[PDB]
Amino acid sequence: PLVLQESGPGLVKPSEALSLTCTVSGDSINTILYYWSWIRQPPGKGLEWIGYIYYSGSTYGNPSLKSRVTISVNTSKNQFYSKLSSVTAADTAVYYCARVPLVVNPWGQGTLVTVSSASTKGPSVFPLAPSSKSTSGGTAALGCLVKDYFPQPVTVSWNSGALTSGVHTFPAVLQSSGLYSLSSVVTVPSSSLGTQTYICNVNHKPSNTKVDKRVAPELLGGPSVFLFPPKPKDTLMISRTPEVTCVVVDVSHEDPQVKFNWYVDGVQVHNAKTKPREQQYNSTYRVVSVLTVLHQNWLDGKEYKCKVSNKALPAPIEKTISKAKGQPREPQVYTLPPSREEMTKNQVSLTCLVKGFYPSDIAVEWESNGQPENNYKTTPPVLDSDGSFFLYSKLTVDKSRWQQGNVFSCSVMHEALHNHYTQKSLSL
Amino acid sequence: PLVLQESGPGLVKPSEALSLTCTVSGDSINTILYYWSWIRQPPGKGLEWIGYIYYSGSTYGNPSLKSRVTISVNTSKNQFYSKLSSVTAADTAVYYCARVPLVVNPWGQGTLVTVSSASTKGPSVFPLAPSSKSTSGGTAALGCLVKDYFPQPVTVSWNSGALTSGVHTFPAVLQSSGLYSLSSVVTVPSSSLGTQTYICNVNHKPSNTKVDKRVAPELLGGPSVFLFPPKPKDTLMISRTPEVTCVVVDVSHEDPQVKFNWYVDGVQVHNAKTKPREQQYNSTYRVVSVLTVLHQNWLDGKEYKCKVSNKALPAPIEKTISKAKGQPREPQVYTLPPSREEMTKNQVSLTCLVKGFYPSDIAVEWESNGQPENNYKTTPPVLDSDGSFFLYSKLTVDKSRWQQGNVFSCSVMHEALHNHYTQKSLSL
Amino acid sequence: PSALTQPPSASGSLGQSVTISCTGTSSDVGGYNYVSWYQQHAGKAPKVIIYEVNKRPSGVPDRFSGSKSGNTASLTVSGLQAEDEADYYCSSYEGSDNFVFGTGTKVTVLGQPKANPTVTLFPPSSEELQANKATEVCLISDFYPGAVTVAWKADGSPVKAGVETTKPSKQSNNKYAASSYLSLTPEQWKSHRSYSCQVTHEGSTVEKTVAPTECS
Amino acid sequence: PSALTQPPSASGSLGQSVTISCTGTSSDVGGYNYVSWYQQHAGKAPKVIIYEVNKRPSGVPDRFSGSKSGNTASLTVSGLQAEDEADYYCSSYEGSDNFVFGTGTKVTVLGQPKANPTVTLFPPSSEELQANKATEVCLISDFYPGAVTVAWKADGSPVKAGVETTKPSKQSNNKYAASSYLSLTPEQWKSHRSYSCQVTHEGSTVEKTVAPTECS
Ligand SMILES: *[C@@H]1O[C@H](CO[C@H]2O[C@@H](C)[C@@H](O)[C@@H](O)[C@@H]2O)[C@@H](O[C@@H]2O[C@H](CO)[C@@H](O[C@@H]3O[C@H](CO[C@H]4O[C@H](CO)[C@@H](O)[C@H](O)[C@@H]4O[C@@H]4O[C@H](CO)[C@@H](O[C@@H]5O[C@H](CO)[C@H](O)[C@H](O[C@]6(C(=O)O)C[C@H](O)[C@@H](NC(C)=O)[C@H]([C@H](O)[C@H](O)CO)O6)[C@H]5O)[C@H](O)[C@H]4NC(C)=O)[C@@H](O)[C@H](O[C@H]4O[C@@H](CO)[C@@H](O)[C@H](O)[C@@H]4O[C@@H]4O[C@H](CO)[C@@H](O)[C@H](O)[C@H]4NC(C)=O)[C@@H]3O)[C@H](O)[C@H]2NC(C)=O)[C@H](O)[C@H]1NC(C)=O
Ligand SMILES: *[C@@H]1O[C@H](CO[C@H]2O[C@@H](C)[C@@H](O)[C@@H](O)[C@@H]2O)[C@@H](O[C@@H]2O[C@H](CO)[C@@H](O[C@@H]3O[C@H](CO[C@H]4O[C@H](CO)[C@@H](O)[C@H](O)[C@@H]4O[C@@H]4O[C@H](CO)[C@@H](O[C@@H]5O[C@H](CO)[C@H](O)[C@H](O[C@]6(C(=O)O)C[C@H](O)[C@@H](NC(C)=O)[C@H]([C@H](O)[C@H](O)CO)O6)[C@H]5O)[C@H](O)[C@H]4NC(C)=O)[C@@H](O)[C@H](O[C@H]4O[C@@H](CO)[C@@H](O)[C@H](O)[C@@H]4O[C@@H]4O[C@H](CO)[C@@H](O)[C@H](O)[C@H]4NC(C)=O)[C@@H]3O)[C@H](O)[C@H]2NC(C)=O)[C@H](O)[C@H]1NC(C)=O
């Protein structure tokens, strides 16, 4: 790698002498191969060429600085020379050691030719710390930046000075006050953020200030709860065991810890044999918390609750296993056959009304004969006109199979009915 | 109110003299009306009576302290007297000024008779700060408590010393070290917590330590999101305006601030005419954020997203308006009449199959004739066998109205069909 | 002098009749019919339930039937409740003014389990923070043995100086309670984010805090 | 001495042919056929696109057709892209070694809007916190006027001392940038929970922070 770096600086006042210079390490030339240039930029203006030199034998200087300039070299020592004699009021510029290729493209650091004495005092620091709001693709850019110095070059080093992959040490400023401010970004993977420690670590030897600082990103998660029935055969059977259950889902993997509170009645049961379990679901968990119920308490009009408290939830999601108020009702279970215009179709379908019911504690089904059937859709009921509930059940079969004389039985397992089940039955 | 409070204390060593006393303010007696007692409790034992006196004229002292004791009074000055002469090794007890009713029930403060010199040094403090986990009814109890002192009485005052409603200054201890620790609870309304500032504010004048501290409770809230279709007549019409919408619900009232991010494609649209609105729903809000769509972009296979970020959500709920993959399908729209066994019923019902479809971008309906009908339930479809979707639609009417010859029309507005609508039609 | 000799304990089931006694000394139970049964609840001083051999005032119910036969005076609390777990004792006069009072009977409804309340954590006050001091403390209230320990943390690790932890004894509900404190200056509290406190008590050992973190 | 006289600006629509020029001085454009067109992107030094009157190297495409007629040398960037917004300029030799270089042409694709990047907030280092000091700062980077302001807060309220805010000038993308700092000792940072900083810049005024609170 090539470097070009200048010396001789200070601030001085017109009618006496200053000698500037530039040394190079990592590419050959000085004068021998190509040429060299020196530029100047006044504070508020841009770039103007001040001289040229060749292989060794032709130095031509600018009509401002003509007859005046001397742009010389020291080939064997690889160093450059700018000894001049009368830099007046306006000549105070940003002089930089400009190697040539085919025109003037390798940039030095340069050293300032300025006019009457001067000071040297302090920097400090700034870390561009990244916005969660996403830019496109696998791009993420965070940073560092350094503020308010006097003398320039600095040593802005990333993660003590290592990780110069996706780094753009963004360029400096020389303020209207006379001060300084630059940046230094880290343009690496978005996933590799949070997963790793990144540190901005500066140093300034013109005064004495050194520094160090980090990173983090963000995205989706915040859970859901639900509460569930005991089976009605578990509750009606004196010998089989009922239970109320509290599923908490969407938990997370960065906030597991799901605590429960259990109120059988208003008075805390606390315990009974409430049993949770946290198991590795898709990229979160499924937690199944489990109360034990003695039949009667359900049947003697009891109120239940599960106040789920996880840290990912600022405020604990309560849920009452609450039944509803009432009308009687026992479903108006009448299955129905097709519109005749489906015997002009390879595939028929079958209905099963279950209207007129209160609670919405429904469990319809279908069959072919002793074994079940696979193709069905069941409506999860609408609160009716005369203050009841109703639904419709499907069985998507074949006309060919229908006229073979198949015995489809819409098994229903809803409530103020006889065997906590009633089955209406259908065929042609 | 009555007070009884004792003096004369210290620690001294057997074979010389101590004179204890008790003065009262807020009830009459001393000797004249009733009687007075003095007790003693050794460190590790309980209560034993040491003497008695009447109206004025009969002082009887204990067989331990008989012939020994003198329990006397000063009626006019309202003060009591215990001048005694030989409290040996075991006599060092918790002596307290015990007024009598019918037996020995108003408790003084008492002053300790102890044995050989003693010190006096420091307390400090403890605030019972309440558990969110609920106790039954409109009960809530928080507190304060004071620790590690030498000399006793203290001034534990609640909310600079005011709010002596539901306060139980819970009783003290005299430790095995010789030290002290008591409590002071605030048993007021549960709702009035968070809503108000409560302060525990102690003071001890035996040494010099004073103090002050507060309270808070907890319960439910943490939001939900959803994303919604443009109307297909808005998208198919070059002249009518389509749009994708992001409803965020369950927001809260303690965390309003819902920010959105909008990616039409992967590249942020940022803006378009995305318009939110926060309006006072039930005890939270409903926020309706609103993108503007030029038809074509939907139709030219575009991906959409709404990354909803509220503070009540640690991690931002993203949702992609994503369509699905494909099979063709255009619903197998065949409405069906009853099972004949419903003309033995005052009320009939009607079916409407819509099977065989891909997307689940369904919009079925019903009618009576030109005007709609009120009683219907529609299944939100099941992913079929041959890789399709299917549902069932109801219309709960009367047999009487059916045999009058009513023209029920199951209007469907699902998709790979002709008028982005097809209607199958049914009657008897 | 005389202690009125009471049965030491007596037990009854819920829905049973519990009897208690009291054997005198002439000048008291036997002398007069002025025998006085009381009911004390562990926290305060005794209430009045029976005096003068079945002579009761107001508030107290029909259930309490107490009298005297021989010089064994009796109290019968029939059809008992969960309310009646208290310290019941006999009393009586002596003449002129004085009276003798009983040695106690503990009435039980049949069968018994365990119970627990609080160990908090607290900072200084601004009354001391003013003229250089930060005295913190650690409270271990209520238990039944007289044997508890304490120890602290300061950013999670073992501390070793300036903490005075001292031994437990009895309250007005006759359970023992404990004391501790550690003393630093403003600066050392200001440098420290945490102070966690760890008590123990017979295998029930604790690293405590109600605290949901410390922050702002 | 001589500046090669270029058209000052030139504009084209996307899908149009843009031409640029360069009027010499004998010893350069007119002398030799060695006329050199360049393309500079505001952040770094110039790249090579054309030299020797339509003689180009590698990487650069078919689109760039540049040559010379009379002493007005020309560059034509046909069928332009959004990539081509850059500082294009002519050059040429003089003899022996020297060369004269152009005064620039700004090529535009037709029509233009506004843009904004960053103002952060930072504490001290532990390199100074060690031997008593807490020097904080406030950075107002990049804008186009040379007129910005700054002011701070410390727990939300107006501060008045020890802050050195000083005036903005040009960068390598030729936009101005600013500086500020305030100096306290460990103790005064340690007492203070917040330090918020407020810049302004021509009606675009700021009370900033990326910070999601301050805590632990
Ligand atoms: C993740 O994940 C996913 C995906 O992935 C997956 O995949 C697969 C394939 C695989 O792979 C795996 O792994 C993976 O993972 C997803 O997630 C998701 O998400 C979503 C959204 O986002 C959500 O949602 C939620 O959820 C819910 C649910 O529910 C249910 O259902 C389903 C279907 O069916 C299922 O599955 C689930 O789970 C559930 O279930 C349930 O559960 C429970 C528990 O777990 C159960 O129970 C039970 O039972 C019985 C009783 O009852 C039995 O018994 C048992 O056991 C016991 C008891 O019980 O207890 C034990 C004991 O101990 C005993 N005992 C004695 C006595 O002894 C016994 C035994 O038995 C012995 O043996 C005797 O001897 O027992 C139990 O366990 C139950 O059953 C079940 N259920 C049924 C039904 O069946 C849903 O639903 C929801 O919603 C809601 O929302 C919320 C919010 O935010 C709120 O607001 C509310 O809740 C709502 O709602 C409403 O409500 C009302 C009232 O309130 C009602 O009624 C209505 O209707 C409603 N409505 C509506 C409309 O809704 C939520 O949303 C979730 O989270 C998840 N999941 C799912 C499934 O979905 C995601 O994305 C992923 N990702 C990541 C990245 O991460
Ligand atoms: C509170 O509240 C409540 C109670 O209360 C109440 O009551 C009442 C009576 C009254 O009083 C009131 O006030 C109150 O408040 C409650 O709350 C609740 O909660 C729950 C639970 O917890 C929840 O849930 C959630 O949600 C959701 C919902 O959704 C829907 O639906 C419903 C029914 O229908 C409704 O209502 C709602 O809202 C919704 O709706 C929607 O919305 C939207 C917005 O807002 C709309 O849109 C629209 O449209 C169109 C378009 O498209 C139009 O257009 C408009 O406008 C516009 C636009 O658009 O844009 C504007 C613009 O600008 C323009 N443009 C242009 C171009 O120009 C235009 C215009 O038009 C012009 O004119 C032209 O010219 O436009 C818009 O706006 C839509 O439409 C609607 N929709 C419909 C459908 O229709 C549910 O759903 C959910 O769930 C889910 O879950 C989650 C979680 O956590 C997740 O995971 C997910 O999402 C799930 O799911 C799933 O998913 C999938 C996909 O992904 C699907 O597909 C499936 O299916 C599913 N599944 C399932 C199963 O689900 C959630 O959960 C909530 O939150 C609430 N709400 C409700 C309703 O529910 C509570 O509790 C209370 N409390 C307290 C204490 O606070």
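Protein chains in written order, with my numbering: chain F, 34 to 461; chain W, 34 to 461; chain G, 6 to 221; chain P, 6 to 221. C-beta atoms are modelled at their ideal positions from N, C-alpha and C, and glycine is treated no differently.
Is there at least one non-hydrogen atom of ligand 2 closer than 7 Å to the beta-carbon of residue i?
i	result
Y314/W	yes
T429/F	no
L324/W	yes
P349/W	no
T317/W	yes
By Cβ distance, which residues of its chain are closer than 6 Å to residue i, with the 5 residues on each side in sequence left out?
i	result
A173/W	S223, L226
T108/G	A8, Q11
Just to confirm my understanding: we take residue i, look at its own chain, exclude 5 residues before and 5 after, and list those with CB closer than 7 Å. What are they?
i	result
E212/G	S201, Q203
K335/F	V297, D298
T125/W	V146, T147, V148
Looking at ligand 4, does it come within less than 7 Å of residue i, judged from the CB to the closest heavy atom?
i	result
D283/F	Ligands in the displayed structure: ligand 1 and ligand 2; ligand 4 is not one of them.
Classify residue i: buried if its beta carbon has 16 or more other beta carbons within 10 angstroms, exposed otherwise.
i	result
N234/W	buried
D298/W	exposed
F106/P	buried
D102/P	buried
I354/F	buried
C279/W	buried
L459/F	buried
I271/F	exposed
Below 8 Å on the Cβ atoms is my guess for residue i versus residue j; work out the distance and round it to an integer in Å.
i	j	result
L37/W	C55/W	6 Å
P361/F	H447/F	Not a contact, Cβ separation roughly 12 Å.
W191/F	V219/F	6 Å
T368/W	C443/W	5 Å
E169/P	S146/P	Between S146/P and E169/P the Cβ distance is about 17 Å, and since that is not below 8 Å, they are no contact.
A159/G	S199/G	7 Å
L144/G	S214/W	6 Å
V320/F	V277/F	Actually they are not in contact, since the Cβ atoms of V320/F and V277/F sit about 15 Å apart, beyond 8 Å.
Just checking residue i against ligand 1 - is the residue's beta carbon closer than 7 Å to any of the ligand's heavy atoms?
i	result
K308/F	yes
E276/F	yes
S272/F	no
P371/F	no
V280/F	yes
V321/F	yes
In its own chain, which residues sit with a C-beta less than 8 Å from the C-beta of residue i, not counting the 5 before and 5 after it?
i	result
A87/P	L19, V114
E90/P	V112, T113, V114
Original post:
What are the uninterrupted segments assigned as beta strand (DSSP E) that are 3 or more residues long and contained completely in the segment 172–215 of chain P, given in chain order?
Top reply: DSSP runs (the beta strand (DSSP E)) wholly in the segment 172–215 of chain P: 184–189, 201–206.
Original post:
What are the uninterrupted segments assigned as beta strand (DSSP E) that are 3 or more residues long and contained completely in the segment 236–302 of chain W, given in chain order?
Top reply: Entirely contained in the segment 236–302 of chain W, the beta strand (DSSP E) runs reaching 3 residues are, in chain order, 257–261, 278–282, 295–297.
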